[PDB]
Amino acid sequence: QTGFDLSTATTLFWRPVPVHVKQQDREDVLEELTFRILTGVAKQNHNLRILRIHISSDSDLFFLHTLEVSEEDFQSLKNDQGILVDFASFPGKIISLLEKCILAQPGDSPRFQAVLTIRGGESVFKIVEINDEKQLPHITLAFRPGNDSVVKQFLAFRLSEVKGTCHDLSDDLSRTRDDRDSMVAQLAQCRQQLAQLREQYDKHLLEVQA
């Protein structure tokens, strides 16, 4: 039914990155936005290959911008959009650029930055080289802002995620508690034997002393 299969999708990048967001309000601000890069396949056909990117905020849980691209429609964005790459290595290079955006100080000669421009119904994300008055788009991508339906589905996916992580943590907590109980019991055993040996040593010392 649903196009993309998130259940068996692979997460390659999930980290906050500094992003400049521009809107018609003109309230230009730098916010740290969480980028999740996913490679997966469609549930309709195992041959259809999809890459999807999610831009979210841990501060605003209702902020979501999505990108979904197949292998076929990849030709439209391979030309006319950014550096030459195949569908396979496009994630790798985009990840490298995002990482460069994270470790980006003014004194960096290739000061790479990331900008998300949101205009009404559409948003365009571009990573740009910005030194000596140059603005050079290394990557330019188009993102769909979240409707209530897709943000709802995203929230549900993250909720199930957190539930699974926390159940795993509960299993680990029970195991560590068992390990600590075993360790304290072994500690009691050792101390009891040490007290016994000190007793025998003191008795031996008093016997020799006489």
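All residue numbers are counted from 1 along the displayed sequence.
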- Ranked by mean Cα B-factor in the entry, 146-154 and 41-49, top stretch is 41-49
- For the C-alpha atoms alone, is the average B factor greater in 137-145 or in 181-189, going by the entry? 137-145
- Query: Out of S96, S123, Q81, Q113, which shows the largest CA B-factor listed in the entry?
  - Reply: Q81
- Task: Could you look up the Cα B-factor of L30 in the entry and say which third of the chain it sits in: lowest, middle or highest?
- Result: middle
- Third of chain Cα B-factors occupied by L77: highest
- Item | Assigned third (lowest, middle, highest) for the C-alpha B factor of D168 | highest
